[PDB]
Every structure is written in C-alpha cells, then in structure tokens.
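Inside the fold
One-letter residues, chain by chain:
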Amino acid sequence: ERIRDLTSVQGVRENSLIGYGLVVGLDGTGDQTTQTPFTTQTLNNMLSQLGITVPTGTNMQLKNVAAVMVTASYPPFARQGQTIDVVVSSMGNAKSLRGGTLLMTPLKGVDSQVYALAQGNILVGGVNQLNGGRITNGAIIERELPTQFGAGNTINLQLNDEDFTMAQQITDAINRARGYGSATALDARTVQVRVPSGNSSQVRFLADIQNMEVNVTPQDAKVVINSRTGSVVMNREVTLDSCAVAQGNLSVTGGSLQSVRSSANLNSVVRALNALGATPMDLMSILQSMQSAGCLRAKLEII
Amino acid sequence: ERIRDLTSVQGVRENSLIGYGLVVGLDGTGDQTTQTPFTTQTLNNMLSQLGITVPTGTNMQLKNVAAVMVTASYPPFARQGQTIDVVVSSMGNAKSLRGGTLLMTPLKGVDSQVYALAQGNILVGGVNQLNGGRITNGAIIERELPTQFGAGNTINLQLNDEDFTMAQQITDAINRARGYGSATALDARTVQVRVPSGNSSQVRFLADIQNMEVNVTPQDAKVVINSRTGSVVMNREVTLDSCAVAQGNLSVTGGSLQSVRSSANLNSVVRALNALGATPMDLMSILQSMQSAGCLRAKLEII
Amino acid sequence: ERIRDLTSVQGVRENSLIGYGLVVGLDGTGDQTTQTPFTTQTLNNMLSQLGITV
Amino acid sequence: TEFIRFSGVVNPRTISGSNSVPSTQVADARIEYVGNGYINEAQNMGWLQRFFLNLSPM
C-alpha cells in the first residue's frame, strides 16, 4: 500500500470549480449592501428570475444576505448525480455566515462551463473563522469529462517527488511482481507501465499495482525553516561538521564560542544543536550561518 | 449492507428546488419593509390575487411579515402527492421567524418549472439561529421527472471515492455472488452491472446488490487540517519518519530541538506527536513543515 | 548517499512561477480597497467573467 | 413613416445589468434613420438641380 502513496496515475486528476452565490438566513450578520452593490444587484436578478420585479429606483438595505464565492473540487471520473463538498467564503464586509444557507450556485470550470450545482446549509465552527464555511455533499455534479483511460497499452505513474532511485525501485518492484517488461522508467518522475487493452483489465492491473509495497530509499538531506510560523524540521539524513558557533547572549554552559562536534546521524545532530541552548529563532540564524560556512551538510530550504 | 454505503445507483439522484415566499405570524420580528420593498410588493401581489387592491400610493409598515427564501430537495423517483422537508431562510433585516407560518410557495427547479408547493409552520430552535427554520413535510410534490430506469441491461454503480482497488473489490464481490459476468469495472469510480430487462427484475437485482458486504481495502494516508475550526484528523494509514522538530516555546521535557521517531502505525504516530507537547494550532504548522521536509508520509489536505 | 547531496544533474532543475489572485473569507482583515484600486478592479473583472456586471 | 434600423456585433461582457449596451460598444454598427411620404420627398433635390450640382463647371 505504498505505490498508491508515492505516485499518481496519469489522467486520474482533480480539477477546480468556482462560482458565485448568495447566503441567506443570517442573524443580522450579512452584507451591508451599501458598500457591496453586487449583493443587491444579484438579489434583484434572482427575484426577477423568480417573477418579482423590484423597481430600479429603490433603497434596499438588507441584513440577512451575504454575497459569497463557492469553491469546489471536481473529482476524477466524476459522474452526474454525485455530490461533492464545497467551501463558501464571504466577499465583502460581512460579519458572519454562522447559520446561513447557500442558494442555487452554478460551479464553473476554467472553460466557464457549469460542472456542478451547489446548494445546502453551511457549517461554521464558531478564535474560529466566521466568514468561511464548508458544506459536505453541497454540490451535485452536472457535467462529465471525457478521458482516454482504457485506450492504449501504456499508463504513466507520476512520482510525487522526483528521484531516480525511487523511480528505479518502483520499476524494479513492478517487474519483480508482474513480469519482465511490465514497467520502464522514462525520467526521475515518470514510470511507464504496459497494460492490456481494455477498461476492466487496466482497472485490475492498477488495483494490483496500487497496493504494492516499495521500500523507500534514503532521500536528500534537507532542513526546512519556516520563519513565518517559527519552526525548523530536519530529516534523518542531516549530518553536521565540527565548527565553532557564536551568537548573541549564547555562551558555553563561559565563552561565547561553542564547539559543535562532527555528527553522523540525526540523534547526534540534535544533541549537538541542543548543547548550544538556542531558541528556534536563534537556531534559524545559526543554521543559515552554518550552511554558509559549510558545517551543515544538508539543503536549507526556507518555506 | 456496505455496497449501499459505498456507491450510488446511476439515475437515482436528488435535485435542488428553490422558491420565494412570505412568512406571517411573527411577534413584531418581521421585515421593516422600508428597507425591503419586495416584501410589501409581494404582499400586495398576494392581496390582489385574493381580490384586494391596495392603492399604489400608500405607506405600508408591517411588523409580522418576513420575505423568505425556501429551499428543498427533490428526491429520486418522486411522485405527486408526496411530502418533503423544506428550509426557510430570511432574506433581509428580519429579526426572527420563531412562530411564523409559510404561505403558498412554488418551488422551482433549475429549468424554472414548479415541482412542489410549500406551506406549513416553521420550527425554530430558540446561541440558536433565529432567521432560519425547517418544515418537515412542508412541501407537496406536484411534478414528476421521466427516467430511464428499467430500460436496457446495464446499470452503473458510482463509487463515492475513486479507487481502483475498491472498484475491483466491488466487481469481484458481485461476480462471486451473482455469476461470472455480472459486473465489470470501467474506471476507478464506475462499475457496470448487467441486469435483466424489465422494472421488477432490476429492482430485485439492486435489492440483492445493495445489502452486499464488501471488505474495504486500505485507502491513501491523509491528514486533514481545518484551520478555520482548529482541528486535525489523521487516518489509520499515516506513518512518520525520524526527524528533528523545533518550534517556539516548545522544548524537550531541555533543548528546543526534539527528536521524532520512525513510526509505522497510527498509535506510534500519535505517541510521537504527543511527546512534542504541541497545541493543535502548533501541530498544524509542525505537520506542514514535516510534510515539506518529508517526515510525514501522508497527503496533507487543508479543508 | 553522498553524491546526490553534493551534486545536481544537468537538466534536472526547478523553475519559478508567479501569479495574481484574490483571497476571500477574511474576518474583516482584508484590503481597504480605497487605497488599493486593483482589488476592486479585479473583483469586478471576476464578477463580469461570471456574468455579473457591476 | 419613419424607419430606424440597427445592426452590429455585441460583446456579451459589455452589456449592463439592465440588459443595455451603448451604441459605441458595437463593432460593426450600421445605423439608419430614414422616412417616406411627401415630407421625405421635400428633402430630395430636383433632378435638374442634382445634374447641375454634379456637372456644372462651378
């Protein structure tokens, strides 16, 4: 059950759908409608569609209606009649969408075609975000996408992370499990697999391939630094080289220059860095300086 | 009783109905009708339909009437005379709908045709939402939709979640229960089933298929993060890789860098992450950083 | 496992992508839109694309 | 009788919320405003005067 966790099947992908709607039933926490003319304009549009023509010159000050944007994911092999979850986000000067209801909303694709229709009740946590909510099974699929699955005798497994070693390992595992020339590698990210012609046979082949177990070879050493959240993460391949480190208000537990020993595994690296007595914000600067000097034998990525 | 919980039958789907109405009988908690002209306009329309013509130039300031939007679900194989539940949501500057009554409301479809008529008494909880309510059996079905069920010898079971393994498992279960070529797989989401021609025979076939038991194969590892509600959910397939984690105000229970051991099952992952002593909001950043680094062997989805 | 940590393969490189967007669902902590005309301009563009002409 | 005829090509996104578009946003705009009756014939040059206007030396 590792191949399904390391790769994705070519043609089996997700799309993004967007749409505009109105959320009603709020407890006076909707749009002001004086700074958001589109709310009243679209409410008048809906009323006109339903058979009510409000005169153009009239002041409408609503409190229970909010103009919202609805986002959804079009799943692979989606069929009409199926339901998907949607996210509803306020667009202007609304206060809350706690007990609102989303009216009929057409969800358009990138090609500006309706692929789903959204309508349901919003669930809002209520420190919690008030202007955003989620509706489970809130949209029904209305259009279906053609696909080439089942045509041809080749399917590509696309690795989540590029690696020649992992691509070769997956290819060798498939060849060890299902014949000599069952899988070949095209690059560091794509493995081409030969499958029998048809739909059911390819589904069977993919079902056998997906749950296969592949031992993950060691990746590249990498230290991920998030300055916006104040976090540091080091994987198991990080090593250290011996060198001296000095930083403000940090001293030997003594002098301001502290030795850092040569470290081979991650436990040694953690011990050496904890001997410094550094706050993670200080550890960020220490790690960047050590990468500049050359002690840190890892790829420092700031995210 | 698992196939009915994993799939849906093609053509057996639900539609969405919308309509406009007026809710009367409120205790002075209705529309102000000065900022909502459509309430008074539609009340005048109703009175004119009933035989009362209020002169055009007249000031009407009501307090017990609220303009509302009514939403409903059209069930599969709906027949005229059947009753469905409706949701009633205020539209503008109304305060409460606690003891209101919904007048005759036609529920239109996407094609702007009346499929149901709604009228009844609203139930409002009364921290509780006041501008939204529900009426059980509040709408009577008036129109029926044609369908192709019972025609042809093919019916498609559509999986809620796409999976080649689950599609193959359902196909194999149906073939094991009801003959050799009873079911075939078309893609990761659809299983085609051969049924005898007719209506009663297909109902019998679907009744036997629906309650069948299928052992669910393990899905993809997935960590769901909800920042708006502040929640994290990890399924049973999540594993961890050994690496060091540092974050603000978190330290060894000591140094700011804490080791996280390699974890195979979910209990080990939970133990390793609880050893960090992290608040769930801190756990969100920790998990994102670990996914960036590569310790987290799961798909991180933010909902 | 050191050569992969000391070198990079020719042609196996990363590129940089940039784009403009709108972020909605904020709790009154968004743009003022009086000092940022492009926010309202692009919101109107999106609404016009979706079928609403303000 | 007066006739006002219009023809052209309209971009859908130029149409306003009240289903209106100004005539300056229409690509191949053909606008015609004509009439008949003796009022319209009173605004036509005589044939001799037109002949002179086209063929006179000055």
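Per the deposited record, the coordinates in this entry were obtained by cryo-EM to a resolution of 2.75 Å.

1. Description of the overall build of chain A
Within chain A, the regular secondary structure consists of six helices and 17 strands. Taken across its 303 residues, chain A has 50% of its residues classed as buried. Carbon together with sulfur atoms contributes 46% to the accessible area of chain A, which is approximately 13,700 Å² in total.

2. Points about the state of the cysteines
Here a disulfide denotes a covalent bond joining the sulfur atom of one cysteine to the sulfur atom of another. All names here are of chain A. One pass over the full model with this rule turns up two disulfides over all chains. The partner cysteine of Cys-243 in its disulfide is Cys-295, sulfur to sulfur 2.0 Å. On the sign convention where negative is left-handed, the bridge of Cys-243 and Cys-295, at about 130° about the S-S bond, is right-handed. The pair formed by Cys-243 and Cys-295 is uniform in burial state, with each residue classed as buried.

3. A look at the interface of chain B and chain A
Contacts between the two partners involve 75 residues from chain B, matched on the other side by 89 residues from chain A. With both sides pooled, the region where chain B packs onto chain A buries about 6,700 Å², and carbon together with sulfur makes up 53% of that total. Linking chain B with chain A are six salt bridges, by the criterion used here. With a shortest N-O distance of 3.5 Å, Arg79(A) and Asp187(B) are connected by a salt bridge. Taken together, the connections running from chain B to chain A amount to 34 residue pairs in polar contact.

4. Here's the deal with the nonpolar core
Counting residues in hydrophobic clusters, the biggest one holds 56 residues, and the most contacted among them are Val223(A) and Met234(A). Top contributing element to this core by residue count: helix α6 (residues 280-293) of chain B, with six residues. Once residues within four sequence positions are removed from consideration, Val223(A) is found in contact with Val232(A), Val233(A), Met234(A), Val238(A), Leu287(A), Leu296(A), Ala298(A), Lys299(A), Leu300(A) and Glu301(A).

5. With respect to the pairing of strand β6 (residues 114-121) of chain B
All names here are of chain B. For strand β5 (residues 101-108) and β6, the ladder comprises six bridges, and the chain directions are antiparallel. Bridging across to β6, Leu-102 finds its partner in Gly-120. In this structure, the hairpin formed by β5 and β6 is closed by a connection of five residues, where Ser-112 is found at a positive phi of approximately 60°. Of the strand pairs in this sheet, β6 and strand β7 (residues 132-141) are connected by three bridges, and their pairing is antiparallel. Along β7, the bridge assignment pairs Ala-116 with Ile-141.

6. Re the pattern of salt bridges
Pairs can form between side chains of opposite charge once their charged atoms are near each other. Within the structure shown, the criterion is met by 20 salt bridges over all chains. Note that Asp220(B) is salt-bridged to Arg4(A), the shortest N-O span being 2.1 Å. With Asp220(B) in the loop between α4 (200-210) and β11 (222-226) and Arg4(A) in helix α1 (residues 3-6), this pair bridges two chains. The closest approach of N and O atoms between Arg134(B) and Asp85(B), which form a salt bridge, is 3.8 Å. With a relative accessible area of 44%, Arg134(B) lands in the partly exposed category.

7. A short note on the sheet that holds strand β12 (residues 231-234) of chain B
Pairing between the strands of a sheet is mediated by backbone hydrogen bonds and can be parallel or antiparallel. Residue and element names in this part refer to chain B. Sheet architecture is open: three strands sit in the order β12-β11-β17, paired in mixed fashion. Every other strand in the sheet has two partners, leaving β12 and β17 (299-302) as the edge strands with one partner each. The sheet shows a mean angle of 15° between the axes of neighbouring strands, direction not considered. In terms of strand pairing, β11 meets β17 through four bridges, oriented parallel. Considered in β17, the bridge of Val-223 is made with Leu-300.

The rules we used
Residues numbered from 1 in each chain as written, not as in the entry; some residues may be left out. Chains lettered and ligands numbered in written order. Part of a larger assembly, values for the part shown. Heavy atoms only, no water. Helix = DSSP H or I, 4+ residues; strand = E, 2+ residues; numbered from the N terminus. Buried < 20%, exposed > 50% of the residue type's maximum accessible area, 1.4 Å probe, protein only. Areas by Shrake-Rupley, 256 points an atom, 1.4 Å probe, with all protein chains shown as cover. Disulfide = S-S within 2.5 Å. Contact = heavy atoms within 4.5 Å. Buried area = accessible area lost by both parts, 1.4 Å probe. Salt bridge = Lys/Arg side-chain N within 4 Å of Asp/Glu carboxyl O. Polar contact = N/O pair within 3.5 Å; in protein donor to acceptor, adjacent residues only side chain to side chain. Core = buried A, V, L, I, M, F, W, Y, C linked by side-chain atoms within 4.5 Å. Pairing = 2+ DSSP bridges. Axes fitted to C-alpha atoms, helices over the stretch in contact; angles between N-to-C directions.

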